[PDB]
$ cat input15.pdb   # PDB, C-alpha atoms
ATOM      1  CA  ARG A   2     111.309  78.263  91.848
ATOM      2  CA  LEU A   3     107.714  79.350  92.307
ATOM      3  CA  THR A   4     107.264  77.380  95.473
ATOM      4  CA  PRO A   5     104.174  78.260  97.507
ATOM      5  CA  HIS A   6     106.698  80.370  99.510
ATOM      6  CA  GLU A   7     107.722  82.281  96.390
ATOM      7  CA  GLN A   8     104.162  82.878  95.249
ATOM      8  CA  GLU A   9     103.330  84.025  98.757
ATOM      9  CA  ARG A  10     106.334  86.456  98.732
ATOM     10  CA  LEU A  11     105.234  87.931  95.363
ATOM     11  CA  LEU A  12     101.653  88.233  96.656
ATOM     12  CA  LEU A  13     102.813  90.079  99.783
ATOM     13  CA  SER A  14     104.933  92.293  97.518
ATOM     14  CA  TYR A  15     102.063  93.201  95.210
ATOM     15  CA  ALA A  16      99.820  93.675  98.266
ATOM     16  CA  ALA A  17     102.359  96.176  99.563
ATOM     17  CA  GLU A  18     102.347  97.945  96.194
ATOM     18  CA  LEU A  19      98.555  98.124  96.353
ATOM     19  CA  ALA A  20      98.567  99.381  99.972
ATOM     20  CA  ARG A  21     101.088 102.051  98.962
ATOM     21  CA  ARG A  22      98.796 103.123  96.123
ATOM     22  CA  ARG A  23      95.890 103.335  98.610
ATOM     23  CA  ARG A  24      97.876 105.413 101.046
ATOM     24  CA  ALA A  25      99.139 107.623  98.195
ATOM     25  CA  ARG A  26      95.537 108.518  97.278
ATOM     26  CA  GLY A  27      94.771 109.427 100.893
ATOM     27  CA  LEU A  28      93.539 106.316 102.609
ATOM     28  CA  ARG A  29      94.704 105.319 106.060
ATOM     29  CA  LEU A  30      95.869 101.704 105.882
ATOM     30  CA  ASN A  31      94.175  98.872 107.740
ATOM     31  CA  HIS A  32      96.033  96.158 109.657
ATOM     32  CA  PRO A  33      96.846  93.756 106.813
ATOM     33  CA  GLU A  34      97.799  96.652 104.533
ATOM     34  CA  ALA A  35     100.215  98.019 107.135
ATOM     35  CA  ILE A  36     101.791  94.584 107.602
ATOM     36  CA  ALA A  37     102.289  94.295 103.832
ATOM     37  CA  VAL A  38     103.957  97.665 103.633
ATOM     38  CA  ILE A  39     106.297  97.046 106.535
ATOM     39  CA  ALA A  40     107.054  93.523 105.302
ATOM     40  CA  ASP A  41     107.847  94.856 101.847
ATOM     41  CA  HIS A  42     110.207  97.472 103.267
ATOM     42  CA  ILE A  43     112.018  94.586 104.920
ATOM     43  CA  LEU A  44     112.018  92.388 101.846
ATOM     44  CA  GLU A  45     113.301  95.099  99.526
ATOM     45  CA  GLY A  46     115.767  96.408 102.117
ATOM     46  CA  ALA A  47     117.247  92.900 102.400
ATOM     47  CA  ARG A  48     117.431  92.711  98.601
ATOM     48  CA  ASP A  49     119.449  95.999  98.712
ATOM     49  CA  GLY A  50     121.907  94.434 101.147
ATOM     50  CA  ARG A  51     120.750  96.321 104.253
ATOM     51  CA  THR A  52     121.457  94.349 107.447
ATOM     52  CA  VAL A  53     118.889  92.822 109.791
ATOM     53  CA  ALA A  54     119.736  95.455 112.423
ATOM     54  CA  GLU A  55     119.231  98.298 109.963
ATOM     55  CA  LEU A  56     115.829  96.880 108.933
ATOM     56  CA  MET A  57     114.736  96.323 112.506
ATOM     57  CA  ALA A  58     115.126 100.088 113.001
ATOM     58  CA  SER A  59     114.059 101.469 109.612
ATOM     59  CA  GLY A  60     110.993  99.165 109.536
ATOM     60  CA  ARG A  61     109.810 101.212 112.554
ATOM     61  CA  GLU A  62     110.009 104.438 110.465
ATOM     62  CA  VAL A  63     107.876 103.419 107.502
ATOM     63  CA  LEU A  64     104.370 104.106 108.833
ATOM     64  CA  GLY A  65     103.256 106.385 111.617
ATOM     65  CA  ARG A  66      99.969 106.688 113.497
ATOM     66  CA  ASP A  67      98.681 109.140 110.871
ATOM     67  CA  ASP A  68      99.151 106.553 108.101
ATOM     68  CA  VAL A  69      96.938 103.812 109.560
ATOM     69  CA  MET A  70      93.394 103.469 110.832
ATOM     70  CA  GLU A  71      92.456 103.894 114.454
ATOM     71  CA  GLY A  72      93.463 100.837 116.473
ATOM     72  CA  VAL A  73      96.075  99.689 113.974
ATOM     73  CA  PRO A  74      99.177 100.793 115.868
ATOM     74  CA  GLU A  75      97.887  98.943 118.976
ATOM     75  CA  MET A  76      97.084  95.757 117.037
ATOM     76  CA  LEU A  77     100.416  95.715 115.197
ATOM     77  CA  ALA A  78     102.791  94.425 117.856
ATOM     78  CA  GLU A  79     105.452  93.285 115.413
ATOM     79  CA  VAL A  80     105.946  92.213 111.822
ATOM     80  CA  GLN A  81     107.955  89.059 111.199
ATOM     81  CA  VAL A  82     109.186  88.192 107.712
ATOM     82  CA  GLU A  83     111.716  85.866 106.147
ATOM     83  CA  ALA A  84     113.836  88.080 103.921
ATOM     84  CA  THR A  85     116.628  87.062 101.569
ATOM     85  CA  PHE A  86     119.984  88.634 102.356
ATOM     86  CA  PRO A  87     123.373  88.332 100.547
ATOM     87  CA  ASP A  88     124.384  85.807 103.241
ATOM     88  CA  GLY A  89     121.125  83.765 103.034
ATOM     89  CA  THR A  90     117.543  83.942 104.324
ATOM     90  CA  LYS A  91     116.903  85.379 107.771
ATOM     91  CA  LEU A  92     113.812  86.027 109.867
ATOM     92  CA  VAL A  93     113.530  89.755 110.552
ATOM     93  CA  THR A  94     111.355  90.991 113.387
ATOM     94  CA  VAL A  95     110.359  94.604 113.402
ATOM     95  CA  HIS A  96     108.977  95.355 116.854
ATOM     96  CA  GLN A  97     106.162  97.876 117.379
ATOM     97  CA  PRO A  98     106.632  99.312 113.859
ATOM     98  CA  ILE A  99     103.978 102.083 114.262
ATOM     99  CA  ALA A 100     103.769 103.300 117.887
TER
ATOM    100  CA  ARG B   2      87.422  84.524  87.876
ATOM    101  CA  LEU B   3      91.111  83.612  87.339
ATOM    102  CA  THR B   4      92.392  80.051  86.810
ATOM    103  CA  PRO B   5      95.298  78.829  89.064
ATOM    104  CA  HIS B   6      97.487  79.004  85.958
ATOM    105  CA  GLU B   7      96.296  82.475  84.934
ATOM    106  CA  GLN B   8      97.310  83.416  88.460
ATOM    107  CA  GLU B   9     100.701  81.828  87.841
ATOM    108  CA  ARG B  10     101.192  83.917  84.687
ATOM    109  CA  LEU B  11     100.158  87.119  86.444
ATOM    110  CA  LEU B  12     102.502  86.283  89.344
ATOM    111  CA  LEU B  13     105.382  85.907  87.001
ATOM    112  CA  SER B  14     104.411  89.176  85.280
ATOM    113  CA  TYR B  15     104.454  90.915  88.676
ATOM    114  CA  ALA B  16     107.861  89.321  89.464
ATOM    115  CA  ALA B  17     109.203  90.978  86.315
ATOM    116  CA  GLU B  18     107.706  94.289  87.457
ATOM    117  CA  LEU B  19     109.481  93.945  90.860
ATOM    118  CA  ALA B  20     112.733  92.968  89.026
ATOM    119  CA  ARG B  21     112.472  96.047  86.771
ATOM    120  CA  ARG B  22     111.774  98.089  89.910
ATOM    121  CA  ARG B  23     114.985  96.701  91.465
ATOM    122  CA  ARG B  24     117.002  97.325  88.310
ATOM    123  CA  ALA B  25     115.609 100.899  88.283
ATOM    124  CA  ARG B  26     116.917 101.147  91.821
ATOM    125  CA  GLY B  27     120.474 100.459  90.592
ATOM    126  CA  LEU B  28     120.559  96.777  91.507
ATOM    127  CA  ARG B  29     122.179  94.277  89.175
ATOM    128  CA  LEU B  30     119.671  91.483  88.700
ATOM    129  CA  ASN B  31     120.181  87.870  89.846
ATOM    130  CA  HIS B  32     119.346  84.744  87.758
ATOM    131  CA  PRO B  33     115.554  84.424  88.470
ATOM    132  CA  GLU B  34     115.061  88.232  88.290
ATOM    133  CA  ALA B  35     116.784  88.327  84.877
ATOM    134  CA  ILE B  36     114.652  85.460  83.637
ATOM    135  CA  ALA B  37     111.498  87.212  84.772
ATOM    136  CA  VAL B  38     112.469  90.388  82.899
ATOM    137  CA  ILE B  39     113.288  88.629  79.655
ATOM    138  CA  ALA B  40     110.171  86.463  79.992
ATOM    139  CA  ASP B  41     108.063  89.498  80.459
ATOM    140  CA  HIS B  42     109.589  91.224  77.456
ATOM    141  CA  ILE B  43     108.472  88.286  75.364
ATOM    142  CA  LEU B  44     104.953  88.166  76.787
ATOM    143  CA  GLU B  45     104.463  91.930  76.434
ATOM    144  CA  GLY B  46     105.940  92.014  72.888
ATOM    145  CA  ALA B  47     103.589  89.195  71.865
ATOM    146  CA  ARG B  48     100.673  91.172  73.335
ATOM    147  CA  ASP B  49     101.931  94.186  71.271
ATOM    148  CA  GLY B  50     101.652  92.137  68.114
ATOM    149  CA  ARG B  51     105.316  91.200  67.592
ATOM    150  CA  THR B  52     106.298  88.053  65.682
ATOM    151  CA  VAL B  53     108.117  85.105  67.244
ATOM    152  CA  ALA B  54     111.088  86.044  65.004
ATOM    153  CA  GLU B  55     111.051  89.642  66.260
ATOM    154  CA  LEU B  56     110.813  88.521  69.869
ATOM    155  CA  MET B  57     113.697  86.082  69.623
ATOM    156  CA  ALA B  58     115.789  89.080  68.509
ATOM    157  CA  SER B  59     114.493  91.823  70.775
ATOM    158  CA  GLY B  60     114.693  89.428  73.727
ATOM    159  CA  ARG B  61     118.480  89.566  73.371
ATOM    160  CA  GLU B  62     118.558  93.338  73.877
ATOM    161  CA  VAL B  63     116.616  93.669  77.142
ATOM    162  CA  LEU B  64     119.491  93.097  79.604
ATOM    163  CA  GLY B  65     123.246  93.306  79.123
ATOM    164  CA  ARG B  66     126.068  92.056  81.312
ATOM    165  CA  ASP B  67     126.030  95.355  83.187
ATOM    166  CA  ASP B  68     122.395  94.825  84.190
ATOM    167  CA  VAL B  69     122.915  91.484  85.878
ATOM    168  CA  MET B  70     125.103  89.970  88.545
ATOM    169  CA  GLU B  71     128.508  88.590  87.622
ATOM    170  CA  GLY B  72     127.966  84.972  86.468
ATOM    171  CA  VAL B  73     124.325  85.402  85.372
ATOM    172  CA  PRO B  74     124.977  85.899  81.635
ATOM    173  CA  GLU B  75     126.580  82.422  81.500
ATOM    174  CA  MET B  76     123.826  80.872  83.661
ATOM    175  CA  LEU B  77     121.168  82.109  81.192
ATOM    176  CA  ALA B  78     121.461  79.850  78.143
ATOM    177  CA  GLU B  79     117.833  80.400  77.204
ATOM    178  CA  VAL B  80     114.485  81.795  78.322
ATOM    179  CA  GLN B  81     111.305  80.115  77.136
ATOM    180  CA  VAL B  82     107.867  81.598  77.345
ATOM    181  CA  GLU B  83     104.583  80.212  76.076
ATOM    182  CA  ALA B  84     103.089  83.307  74.505
ATOM    183  CA  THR B  85      99.739  83.841  72.834
ATOM    184  CA  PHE B  86      99.778  84.881  69.199
ATOM    185  CA  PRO B  87      96.743  85.361  66.850
ATOM    186  CA  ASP B  88      98.239  82.271  65.158
ATOM    187  CA  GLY B  89      98.028  80.371  68.515
ATOM    188  CA  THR B  90     100.083  79.676  71.680
ATOM    189  CA  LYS B  91     103.786  79.177  70.814
ATOM    190  CA  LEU B  92     106.847  78.528  72.897
ATOM    191  CA  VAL B  93     109.196  81.406  72.226
ATOM    192  CA  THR B  94     112.812  80.815  72.959
ATOM    193  CA  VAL B  95     115.292  83.584  73.505
ATOM    194  CA  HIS B  96     118.794  82.122  73.199
ATOM    195  CA  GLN B  97     121.720  83.624  75.174
ATOM    196  CA  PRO B  98     119.598  86.675  76.100
ATOM    197  CA  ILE B  99     122.471  88.489  77.882
ATOM    198  CA  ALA B 100     124.556  89.155  74.833
TER
ATOM    199  CA  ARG C   2      98.382  83.713 104.823
ATOM    200  CA  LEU C   3      96.001  84.196 101.873
ATOM    201  CA  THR C   4      93.056  82.053 100.868
ATOM    202  CA  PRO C   5      92.622  81.019  97.221
ATOM    203  CA  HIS C   6      89.954  83.748  96.911
ATOM    204  CA  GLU C   7      92.189  86.451  98.462
ATOM    205  CA  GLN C   8      95.040  85.382  96.144
ATOM    206  CA  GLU C   9      92.702  85.600  93.154
ATOM    207  CA  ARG C  10      91.492  89.047  94.169
ATOM    208  CA  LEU C  11      95.052  90.371  94.554
ATOM    209  CA  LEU C  12      95.977  88.909  91.164
ATOM    210  CA  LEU C  13      92.933  90.456  89.483
ATOM    211  CA  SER C  14      94.022  93.780  91.010
ATOM    212  CA  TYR C  15      97.493  93.234  89.502
ATOM    213  CA  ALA C  16      95.918  92.336  86.136
ATOM    214  CA  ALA C  17      94.434  95.854  86.106
ATOM    215  CA  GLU C  18      97.845  97.393  86.852
ATOM    216  CA  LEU C  19      99.220  95.381  83.935
ATOM    217  CA  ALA C  20      96.274  96.504  81.741
ATOM    218  CA  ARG C  21      97.061 100.147  82.689
ATOM    219  CA  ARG C  22     100.674  99.578  81.707
ATOM    220  CA  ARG C  23      99.541  98.144  78.340
ATOM    221  CA  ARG C  24      97.250 101.113  77.776
ATOM    222  CA  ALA C  25     100.084 103.541  78.724
ATOM    223  CA  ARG C  26     102.243 102.112  75.992
ATOM    224  CA  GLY C  27      99.562 102.590  73.372
ATOM    225  CA  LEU C  28      97.582  99.339  73.426
ATOM    226  CA  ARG C  29      93.810  99.218  73.187
ATOM    227  CA  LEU C  30      92.606  96.804  75.813
ATOM    228  CA  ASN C  31      91.086  93.456  75.093
ATOM    229  CA  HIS C  32      88.035  91.925  76.828
ATOM    230  CA  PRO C  33      89.769  90.404  79.851
ATOM    231  CA  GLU C  34      91.983  93.486  80.369
ATOM    232  CA  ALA C  35      88.885  95.706  80.299
ATOM    233  CA  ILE C  36      87.169  93.443  82.831
ATOM    234  CA  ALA C  37      90.194  93.763  85.122
ATOM    235  CA  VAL C  38      90.224  97.555  84.871
ATOM    236  CA  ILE C  39      86.475  97.846  85.629
ATOM    237  CA  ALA C  40      86.806  95.292  88.429
ATOM    238  CA  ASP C  41      89.732  97.267  89.906
ATOM    239  CA  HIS C  42      87.620 100.445  89.765
ATOM    240  CA  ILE C  43      84.935  98.722  91.854
ATOM    241  CA  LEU C  44      87.335  97.100  94.287
ATOM    242  CA  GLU C  45      89.257 100.266  94.889
ATOM    243  CA  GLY C  46      86.081 102.368  95.101
ATOM    244  CA  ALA C  47      84.714  99.943  97.699
ATOM    245  CA  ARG C  48      87.963 100.255  99.717
ATOM    246  CA  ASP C  49      87.545 104.089  99.436
ATOM    247  CA  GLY C  50      84.059 103.788 100.958
ATOM    248  CA  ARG C  51      82.216 104.850  97.786
ATOM    249  CA  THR C  52      78.608 103.628  97.574
ATOM    250  CA  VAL C  53      77.436 100.789  95.348
ATOM    251  CA  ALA C  54      75.364 103.230  93.280
ATOM    252  CA  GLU C  55      78.283 105.622  92.883
ATOM    253  CA  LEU C  56      80.443 102.787  91.577
ATOM    254  CA  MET C  57      77.799 101.427  89.285
ATOM    255  CA  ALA C  58      77.709 104.855  87.655
ATOM    256  CA  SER C  59      81.424 105.702  87.679
ATOM    257  CA  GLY C  60      82.250 102.132  86.516
ATOM    258  CA  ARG C  61      80.547 103.137  83.241
ATOM    259  CA  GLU C  62      82.929 106.001  82.698
ATOM    260  CA  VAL C  63      86.294 104.328  83.357
ATOM    261  CA  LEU C  64      86.876 103.046  79.811
ATOM    262  CA  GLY C  65      85.600 104.495  76.592
ATOM    263  CA  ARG C  66      85.307 102.972  73.135
ATOM    264  CA  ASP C  67      88.757 104.345  72.287
ATOM    265  CA  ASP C  68      90.368 102.552  75.274
ATOM    266  CA  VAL C  69      89.450  99.055  74.063
ATOM    267  CA  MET C  70      89.835  97.118  70.863
ATOM    268  CA  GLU C  71      87.146  97.268  68.196
ATOM    269  CA  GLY C  72      84.207  95.030  69.197
ATOM    270  CA  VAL C  73      85.195  94.940  72.892
ATOM    271  CA  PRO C  74      82.556  97.429  74.070
ATOM    272  CA  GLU C  75      79.855  95.125  72.742
ATOM    273  CA  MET C  76      81.451  92.110  74.436
ATOM    274  CA  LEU C  77      81.196  93.782  77.809
ATOM    275  CA  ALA C  78      77.573  93.416  78.794
ATOM    276  CA  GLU C  79      78.406  93.592  82.509
ATOM    277  CA  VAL C  80      81.243  93.298  84.915
ATOM    278  CA  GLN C  81      80.427  91.666  88.270
ATOM    279  CA  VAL C  82      82.738  91.713  91.299
ATOM    280  CA  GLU C  83      82.277  90.943  94.987
ATOM    281  CA  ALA C  84      83.689  93.853  96.985
ATOM    282  CA  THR C  85      83.847  94.638 100.697
ATOM    283  CA  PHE C  86      82.548  98.048 101.621
ATOM    284  CA  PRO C  87      82.637  99.590 105.079
ATOM    285  CA  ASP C  88      79.191  97.951 105.603
ATOM    286  CA  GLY C  89      80.355  94.585 104.292
ATOM    287  CA  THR C  90      80.460  92.457 101.191
ATOM    288  CA  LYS C  91      78.239  93.015  98.182
ATOM    289  CA  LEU C  92      78.103  91.764  94.657
ATOM    290  CA  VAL C  93      78.523  94.841  92.465
ATOM    291  CA  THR C  94      77.605  94.720  88.797
ATOM    292  CA  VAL C  95      78.570  97.506  86.378
ATOM    293  CA  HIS C  96      76.149  97.323  83.504
ATOM    294  CA  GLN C  97      77.216  98.053  79.859
ATOM    295  CA  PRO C  98      80.436  99.718  81.083
ATOM    296  CA  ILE C  99      81.512 100.899  77.651
ATOM    297  CA  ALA C 100      78.805 100.537  74.983
TER
END
$ encode --input "input15.pdb" --output "structure tokens"
Amino acid sequence: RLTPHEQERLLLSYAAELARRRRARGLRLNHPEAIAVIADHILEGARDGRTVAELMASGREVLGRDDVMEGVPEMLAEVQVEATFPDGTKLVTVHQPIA
Amino acid sequence: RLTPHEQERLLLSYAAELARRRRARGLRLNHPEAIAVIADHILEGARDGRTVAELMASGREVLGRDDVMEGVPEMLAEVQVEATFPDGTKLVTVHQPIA
Amino acid sequence: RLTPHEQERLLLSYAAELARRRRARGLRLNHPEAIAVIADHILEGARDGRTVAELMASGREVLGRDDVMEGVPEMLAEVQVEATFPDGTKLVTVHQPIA
């Protein structure tokens, strides 16, 4: 159902699409944009059947220092997201996804 | 300004976009994803100027068994969408859409 | 994580993506779709660090009479959106965006 959690997931997903569009036209992403993009990589990766361990590593390869504004890699200590896997929902933590 | 319901409709439209994105990615759709895609087909066909009769038909040719997870086509007895027509808002029902 | 207002702004941004999709398939936009597109132009221009005056001018050149249904240009007296620039939030109004 469209629980507040489901709405929130779809919002984060569209926010990631929008942040990707911004980056693709040359902008460096700000902190919430970078979070959306990394979170969306996790969400979609889980939907593909990637494992938590795979996502913990690949979520660190999505954005680099060049992709985000000054200060963003330092402010983004980790991204934590509940993703849906084949074997249920799991919290995925990507540590230090940019630096 | 968007009403909380308008926001609901747009969220479900985006969910269908994400579903079509996943299907494009080679993923067989689950139950809610399939619903979102068929729902969206109806809403977009109504916007195009299609009749309720046309949409009940075309709605059954959006996704086949190959496009969805095993079990989904039997879970999806119907998809109902309130769609706006020049004639008014009507509930459009697509029966056994995966078939 | 998102306020009502943030949710609404993200959904209005999505509405423009949907309006672009409708246009791409050969639809002329209606009044609310046109509002979304012009609003998106402003919001994205603001994010880009364009100036209010730049956007008030370029907002008049996003959609032409061909892009919208007959009688829509006359319906669109103005499109007003709050947008956050590098120097903060401003109400931006695009006047007579089509004709």
$ closest_residue --input "input15.pdb" --among "C:54, C:12, C:3, C:73" --to "residue C:40" --atoms "all atoms listed in the file"
C:12
$ interface_residues --input "input15.pdb" --of "chain C" --to "chain A" --cutoff "9 Å" --atoms "all atoms listed in the file" --output "CSV table (one decimal) with C-alpha atoms, in the frame of the given file"
chain,number,residue,atom,x,y,z
C,2,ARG,CA,98.4,83.7,104.8
C,3,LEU,CA,96.0,84.2,101.9
C,8,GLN,CA,95.0,85.4,96.1
C,11,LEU,CA,95.1,90.4,94.6
C,12,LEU,CA,96.0,88.9,91.2
C,14,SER,CA,94.0,93.8,91.0
C,15,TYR,CA,97.5,93.2,89.5
C,45,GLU,CA,89.3,100.3,94.9
C,48,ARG,CA,88.0,100.3,99.7
C,49,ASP,CA,87.5,104.1,99.4
$ calpha_fit_rmsd --input "input15.pdb" --fixed "chain B" --moving "chain A"
0.9 Å
$ closest_residue --input "input15.pdb" --among "B:30, B:76, B:25, B:58" --to "residue B:46" --atoms "all atoms listed in the file"
B:58
$ resolve_selection --input "input15.pdb" --expression "the PyMOL selection byres ((chain A and resi 81-90) around 8)" --output "ChimeraX atom specification"
/A:40,43-44,47-48,50-52,79-80,91-95
$ resolve_selection --input "input15.pdb" --expression "the PyMOL selection byres ((chain A and resi 75) around 12)" --output "list in words"
residues 31, 32, 65, 66, 69, 70, 71, 72, 73, 74, 76, 77, 78, 79, 96, 97, 98, 99 and 100 of chain A
$ atom_distance --input "input15.pdb" --atom1 "atom CA of residue C:5" --atom2 "atom CA of residue A:33"
16.5 Å
$ axis_aligned_box --input "input15.pdb" --around "stretch 57-71 of chain A" --padding-each-side "3 Å" --output "JSON"
{"center_x": 103.8, "center_y": 102.7, "center_z": 111.0, "size_x": 28.7, "size_y": 18.8, "size_z": 13.0}
$ atom_distance --input "input15.pdb" --atom1 "atom CA of residue A:38" --atom2 "atom CA of residue A:17"
4.6 Å
$ atom_distance --input "input15.pdb" --atom1 "atom CA of residue B:68" --atom2 "atom CA of residue B:39"
11.9 Å
$ decode --input "input15.pdb" --residues "stretch 48-65 of chain C" --atoms "N, CA, C and O atoms" --output "compact mmCIF listing (two decimals), in the first residue's frame"
# COMPACT_ATOMS: atom_id res chain seq x y z
N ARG C 48 17.87 26.62 -9.16
CA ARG C 48 18.89 25.65 -8.71
C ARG C 48 20.24 25.88 -9.45
O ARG C 48 21.34 25.69 -8.89
N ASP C 49 20.13 26.19 -10.75
CA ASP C 49 21.26 26.49 -11.65
C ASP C 49 21.96 27.78 -11.29
O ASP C 49 23.08 28.04 -11.75
N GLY C 50 21.33 28.61 -10.45
CA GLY C 50 21.90 29.92 -10.11
C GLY C 50 21.66 30.98 -11.16
O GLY C 50 22.42 31.96 -11.21
N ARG C 51 20.62 30.79 -11.98
CA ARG C 51 20.17 31.86 -12.91
C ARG C 51 19.52 32.96 -12.06
O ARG C 51 19.12 32.70 -10.93
N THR C 52 19.41 34.16 -12.62
CA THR C 52 18.90 35.31 -11.88
C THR C 52 17.41 35.36 -12.03
O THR C 52 16.87 34.81 -12.99
N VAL C 53 16.71 35.99 -11.09
CA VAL C 53 15.26 36.16 -11.25
C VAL C 53 14.89 36.79 -12.58
O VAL C 53 13.96 36.34 -13.22
N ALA C 54 15.64 37.81 -13.02
CA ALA C 54 15.25 38.49 -14.27
C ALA C 54 15.47 37.60 -15.47
O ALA C 54 14.70 37.63 -16.42
N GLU C 55 16.54 36.82 -15.44
CA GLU C 55 16.81 35.85 -16.51
C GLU C 55 15.62 34.91 -16.64
O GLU C 55 15.15 34.67 -17.74
N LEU C 56 15.16 34.39 -15.51
CA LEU C 56 14.10 33.39 -15.52
C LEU C 56 12.76 33.99 -15.89
O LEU C 56 11.92 33.35 -16.50
N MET C 57 12.54 35.23 -15.50
CA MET C 57 11.30 35.86 -15.89
C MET C 57 11.23 36.05 -17.39
O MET C 57 10.14 36.10 -17.94
N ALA C 58 12.39 36.21 -18.04
CA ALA C 58 12.43 36.32 -19.48
C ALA C 58 12.38 34.95 -20.12
O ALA C 58 11.57 34.71 -21.00
N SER C 59 13.27 34.05 -19.72
CA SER C 59 13.31 32.73 -20.38
C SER C 59 12.05 31.89 -20.10
O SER C 59 11.67 31.06 -20.93
N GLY C 60 11.37 32.16 -18.97
CA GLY C 60 10.10 31.51 -18.65
C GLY C 60 9.03 31.82 -19.68
O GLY C 60 8.05 31.07 -19.81
N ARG C 61 9.17 32.95 -20.39
CA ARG C 61 8.26 33.31 -21.48
C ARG C 61 8.55 32.65 -22.82
O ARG C 61 7.86 32.92 -23.83
N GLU C 62 9.54 31.80 -22.85
CA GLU C 62 10.00 31.25 -24.12
C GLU C 62 10.06 29.72 -24.02
O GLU C 62 10.55 29.04 -24.92
N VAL C 63 9.58 29.18 -22.91
CA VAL C 63 9.60 27.73 -22.72
C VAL C 63 8.52 27.01 -23.55
O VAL C 63 8.76 25.91 -24.11
N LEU C 64 7.34 27.60 -23.58
CA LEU C 64 6.19 27.00 -24.27
C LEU C 64 5.69 28.01 -25.25
O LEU C 64 5.51 29.18 -24.90
N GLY C 65 5.42 27.55 -26.48
CA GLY C 65 4.73 28.42 -27.42
C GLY C 65 3.27 28.05 -27.58
O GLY C 65 2.80 27.06 -26.98
